[PDB]
Amino acid sequence: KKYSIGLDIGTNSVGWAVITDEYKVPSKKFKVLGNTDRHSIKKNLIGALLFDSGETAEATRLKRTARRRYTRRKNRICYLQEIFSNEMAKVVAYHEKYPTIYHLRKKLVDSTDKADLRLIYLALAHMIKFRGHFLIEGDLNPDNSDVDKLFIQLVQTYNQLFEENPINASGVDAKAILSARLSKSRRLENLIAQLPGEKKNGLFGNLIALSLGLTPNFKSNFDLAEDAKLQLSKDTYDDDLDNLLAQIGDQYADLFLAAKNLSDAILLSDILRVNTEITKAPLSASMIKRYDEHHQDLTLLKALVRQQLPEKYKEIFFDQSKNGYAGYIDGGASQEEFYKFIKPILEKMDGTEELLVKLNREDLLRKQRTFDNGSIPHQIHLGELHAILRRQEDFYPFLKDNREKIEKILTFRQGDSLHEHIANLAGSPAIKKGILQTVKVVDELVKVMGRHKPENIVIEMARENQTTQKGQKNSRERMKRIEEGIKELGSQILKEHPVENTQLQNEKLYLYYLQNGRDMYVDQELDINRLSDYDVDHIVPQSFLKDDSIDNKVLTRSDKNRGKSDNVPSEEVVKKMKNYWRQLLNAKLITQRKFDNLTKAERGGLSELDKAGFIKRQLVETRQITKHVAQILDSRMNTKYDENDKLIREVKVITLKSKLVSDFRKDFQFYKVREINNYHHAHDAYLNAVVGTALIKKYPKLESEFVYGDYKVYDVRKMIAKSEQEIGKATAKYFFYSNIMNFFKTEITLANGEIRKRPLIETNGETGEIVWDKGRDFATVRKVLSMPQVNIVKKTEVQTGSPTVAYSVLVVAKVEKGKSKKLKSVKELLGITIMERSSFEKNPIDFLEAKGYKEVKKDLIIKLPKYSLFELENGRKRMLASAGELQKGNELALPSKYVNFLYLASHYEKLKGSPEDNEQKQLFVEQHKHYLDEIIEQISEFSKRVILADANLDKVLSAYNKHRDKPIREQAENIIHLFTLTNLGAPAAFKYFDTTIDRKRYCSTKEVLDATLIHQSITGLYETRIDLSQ
DNA sequence: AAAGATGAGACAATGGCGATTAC
RNA sequence: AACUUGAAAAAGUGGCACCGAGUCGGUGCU
DNA sequence: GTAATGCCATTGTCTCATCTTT
């Protein structure tokens, strides 16, 4: 019946889950193909695909290549030519009058005379072949074109991507600095001078340098080993950015995108500066002016050189090997090399004024076909094309007949391949592979459900959990924040009580040092060795916004000092402590937003605009890659129309933030422990589906925030009730408190302690449909997380590109044995190397006989790529790593109660919750400490039948008995390390406390030759099982 | 005096080859 | 992934509920 | 006589030391 799909897209895994209307995961029977006695299996519609981030045919298919671009352009030209055919059949001065195509184009925009159709085709073809990028959607407008708005958007993306140590830019006049007629580096230095906290070599400084047209190096900003240089004008920038993102992750993708956007604004401001006419073709006019300056400077240079310096003329115009003018025109010499070569010649000669101010501006003797044109957006070419069509509209009727055709040719980006759409994206090859896998997963899932499309497809871009290498970077940043703030203020608290970066990971201690060792609400000193009695209060309550960052947290002895209101802290405290908050503000100890929230009672208190800001902060996804993935899935899923040109959206693509599902897990103890198995990807997908369906059922009018598409822009300020209960939940007004996840909660604890109550059954106000049942639905979620059968599949992949094995091959044949060469039947795995692959596939029999095999059973040869799956006895599974080695193939389905216990024991000191809640968790752990022994038993019984590494199992059990005296937290943390013994995939060494357990490898592949081979679909729901006993 | 860049050295993870041992 | 058809791009092939839940099982319907 | 059970090789990361630049 009706269902929804939840997706957790990552760079090494893709989680997927299918949910019903009552938030249940269906269990279905699937057919099993092959030649065994198993014809049906029961599987839950939940799982996760796992895959390598490596060199593969698919990977090369997802890379940008010149040929695909070429055929694209060629096709466009073919369309254009078909449009021009019927009229073309009827249809020195040119080269001298127009030495470049931009002259002809400007003539066609500025001439009313009738022109030859061939030249018109030349203009249109030039605008179509190199049409420019599609990063800005719609018509040009100052909101997406002016330098100011895009600079603010860039620094907003920057501050959003970190939110600690951020740069605040309000006083800056981005237009006056960036649009000024000066050199790129001087514009960069002028903008940096206006930002005292940032420097040219910083990340933001390098972004500005990238947007201005320089070549910044991002190694120091990300500590990369290999230098990664980016130039927007360079043709190989996109793949370079894709390489760069692969090293640092795709979270920074939008940052570089914003830099690109800023560049476009500057270019748009550089061409619109000069207006010889009121409205014109700015690009063509700029190229003509560039041509004119080139001609003047050229003739003047030749005149001056011939008059004053007859010598070395040949070195500039004839030699061409040392990057002269002949190398600039006839050789492989870039513009920067030519400038570097001719700068001292211009510096030495007399009468060289005016040429140098143009040279320093990098606009001296420029060509018309240069590296900068990659930055030209397509809206400019679309404007000029519309202009040309309008000028020649009445003269040629077929231009009137074919306006929308040409416009579609320029604007189109029909349905092409999925690979080209994914290749155009701005991301690492890993996330592009994951996106392709996600699309295929969706296709198979809708195939599995009888070709019924889901009602909702919720997408989360899975966050990369801390790799611990960054766990020290964060401590370093907060340490620099504490040291700069203390040095700025002048209170030597660090002298009397020294601390190191290791201890600063604790929230309360970091807040203690962030607040100069003083209470935020009261004028008294805090007790250094009584922080457990002190509470961490939220400036903006959790009932309004779920913000647990340092930006919205304060440390105080009691949160009753905020006063009686459920809003920001009262005016009686704000008026008294505003001076101290201003001292903490100007010392860069806190951000501007935290001071604004702290001093919000002076401006009335929380307002509808603040609540609207909270709703937009919680509900909208900033990541562009996510929007493009949602666009791909929406376009492939929704393809119906009506009589008009309106898109019927049968399937809603919901985009969710990871913070929502994470907080949902933390609030209702649906805890995630990634180290147990790979089920947590699928679980995250399920919880995403649940949260997404709940939100779209609860707030349909807020669809424009999450659902992808063109909806009615529903304002959020007007939908807020005036009163808590009188107008909230009794009228059309959807909610008074701005936190969207309140309806999941049974109780709502405000900042004073009053406990607000919410109905047992949450229903939609307009349609009267129950959206959440606080009993049955949480029980259902727990039951789903408790299911032991979740489909974990390792994508088998041929290797492409000692020799590397492309794939292994099962050969059943005979080999000669002994002096007499008696033929003996054998069945063995042979590794086909990458160099050997083509020869083996050309004629397998000849290759095998050259290897020594005889009487090969051609029809029994089986191709076995890496990770091919085999099942043996008692459900034990192995994956093919090689021709002579196997990997573990099973997942340890630990019950939910033990997962939650492990999360709680390992999260002993770090809880980030209320004191009562913390006491409940602590008493739960202590009352359930026997779960440690039970988890060990589970590891033992799983390992006994599935792993068969008895030396390591004995080592493990021995160490666990050795350390049963240790604290619960440590034993939990080391059981977390113990789950690598049982994880799916390659065996790996690990540690229980200090005792190291070395990997037990499966160094023989013999047993798989008589096991059951399992070929698996991308989702693992469809499988074929072959009993290799034969 | 502090920060950035380049090269080399211990880590980490997985697979392959050779020698010793066991059936 | 496997299988079928194709030189290839590429097309096709795997029933639904309920009671449970140790890697999925059982029962009813079809 | 054949097959099963420590060190080396390859691809990526990270940290430390020295030299150069702001």
Side-chain angles (χ1 to χ4, degrees), chain A residues 1 26-35 39-44 47 49 52-55 61 199-202 217 219-221 223-227 246-247 417 419 440 444 447-450 467-469 472 677 679 783-784 786-798 802-805 817-818 828 831 862-869 871 874-877 881-887 889-895 938 941-942 945-946 951 980 984-989 998-1007 1013-1026:
Chain A
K1 206 65 63 175
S27 59
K28 194 186 294 309
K29 286 173 174 180
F30 291 88
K31 207 179 187 299
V32 178
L33 305 179
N35 65 340
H39 312 293
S40 175
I41 201 182
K42 185 80 83 70
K43 295 239 175 160
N44 298 327
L49 181 69
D52 291 336
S53 176
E55 189 70 0
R61 193 161 282 273
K199 48 183 77 173
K200 300 170 71 177
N201 50 327
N217 197 345
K219 281 199 294 191
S220 177
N221 302 323
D223 296 327
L224 306 171
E226 295 179 333
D227 55 333
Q247 298 188 348
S417 58
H419 294 273
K440 291 291 184 68
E444 181 162 63
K447 173 58 72 192
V448 170
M449 302 285 300
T467 63
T468 319
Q469 309 161 131
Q472 302 189 129
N677 48 28
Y679 288 3
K783 189 167 295 177
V784 166
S786 182
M787 291 182 174
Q789 193 275 312
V790 177
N791 300 282
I792 299 299
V793 175
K794 219 100 183 59
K795 182 185 168 60
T796 60
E797 288 191 32
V798 171
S802 301
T804 67
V805 162
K817 251 50 178 292
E828 286 293 77
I862 299 173
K863 194 228 292 184
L864 294 166
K866 199 178 184 188
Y867 309 119
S868 291
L869 180 62
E871 169 161 1
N874 294 333
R876 186 180 50 96
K877 292 171 164 180
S882 166
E885 184 170 353
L886 299 172
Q887 301 188 151
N890 293 97
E891 302 271 354
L892 171 49
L894 197 75
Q938 286 208 3
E941 295 293 327
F942 183 82
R945 65 182 181 88
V946 178
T980 81
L984 179 133
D998 287 317
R999 48 170 174 160
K1000 191 267 181 316
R1001 292 165 72 162
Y1002 306 110
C1003 299
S1004 172
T1005 52
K1006 200 174 82 75
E1007 63 174 2
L1013 168 64
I1014 305 168
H1015 293 293
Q1016 291 180 290
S1017 295
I1018 191 175
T1019 60
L1021 300 167
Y1022 291 146
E1023 299 187 343
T1024 88
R1025 302 180 95 85
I1026 305 302

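Quick note on labels: first sequence line is chain A, next is B, and so on, each numbered from 1. Because only heavy atoms are used, hydrogens play no part in the values below, and waters and symmetry mates are left out as well, while side chains stay in.
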| message | Suppose you measure atom P in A7(C) against the same atom in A17(C); what distance do you get, rounded to whole Å? | response | 41 Å
| Given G15(C), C19(C), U23(C), the nucleotide with the shortest approach to the side chain of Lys31(A) | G15(C)
| remark: From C1'-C2'-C3'-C4' (positive north, negative south), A11(C) puckers north
| request: State which of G22(C), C24(C), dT14(B) makes the closest approach to the side chain of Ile41(A). | output: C24(C)
| field | Spacing of the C1' atoms in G26(C) and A21(C) (rounded, Å) | value | 11 Å
| field | Nucleotide of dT15(D), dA5(B), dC14(D) approaching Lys219(A) most closely (side-chain heavy atoms) | value | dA5(B)
| said: Let me spell it out: for each of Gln247(A) and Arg1001(A), pick the nucleotide of DNA chain D with the closest heavy atom. Which residue's pick is nearer the 5' end? | reply: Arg1001(A)
| field | Nucleotide nearest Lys877(A) (side chain, heavy atoms from C-beta), chosen from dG15(B), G14(C), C24(C) | value | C24(C)
| request: Among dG4(B), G26(C), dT13(D), find the nucleotide with the atom closest to the side chain of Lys42(A). | output: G26(C)
| query | Could you give the CG-to-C1' distance, from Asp52(A) to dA13(B), as a whole number of Å? | reply | 12 Å
| note | Checking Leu33(A), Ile1014(A), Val793(A) against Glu1023(A) for side chain to side chain contact (heavy atoms under 4.5 Å, CB included), the one that qualifies is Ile1014(A)
| field | Distance, rounded to the nearest Å, where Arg1025(A) contributes CZ and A2(C) contributes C1' | value | 13 Å
| Which part of the nucleic acid, if any, lies within reach of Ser786(A) when heavy atoms closer than 4.0 Å are counted: base, sugar-phosphate only, or nothing? | nothing
| message | Check whether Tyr867(A) forms a cation-pi arrangement with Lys794(A) (NZ or CZ under 6.0 Å from the six-membered ring centre, at most 45° off the ring normal). | response | yes
| According to the definition of ring centres under 5.5 angstrom and planes under 30 degrees, are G6(C) and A7(C) stacked? | no
| Which nucleotide in the list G26(C), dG16(B), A21(C) gets nearest to the side chain of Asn44(A)? | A21(C)
| message | Does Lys219(A), at its NZ atom, have more than 12 non-hydrogen atoms belonging to other residues, nucleotides or ligands within less than 6.0 Å? | response | yes
| Which part of the nucleic acid, if any, lies within reach of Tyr679(A) when heavy atoms closer than 4.0 Å are counted: base, sugar-phosphate only, or nothing? | base
| task | Please work out if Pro865(A) contacts a base, only the sugar-phosphate, or nothing of the nucleic acid, heavy-atom cut-off 4.0 Å. | result | nothing
| remark: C3(C) -> Watson-Crick or G-U wobble partner, both distances under 3.5 Å, gives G12(C)
| request: Look at the side-chain N and O atoms of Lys43(A) and state whether any lies under 4.0 Å from the OP1 or OP2 oxygen of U23(C). | output: no
| message | For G25(C) and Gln789(A) - does any side-chain N or O of the residue sit under 4.0 Å from the phosphate oxygens OP1/OP2? | response | no
| query | How would you label the contact of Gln1016(A) with the nucleic acid (heavy atoms, under 4.0 Å): base, sugar-phosphate, or nothing? | reply | base
| task | Please tell me which of the listed nucleotides, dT15(D), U23(C), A17(C), lies nearest to the side chain of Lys29(A)? | result | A17(C)
| request: Looking at every strand, decide which applies to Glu1023(A) at a 4.0 Å heavy-atom threshold: base, sugar-phosphate, or nothing. | output: base
| query | Counting side-chain heavy atoms from C-beta on, which of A1(C), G20(C), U13(C) comes nearest to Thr796(A)? | reply | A1(C)
| message | Any base atoms under 4.0 Å from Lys866(A), or only sugar-phosphate, or nothing? Heavy atoms, all strands. | response | sugar-phosphate
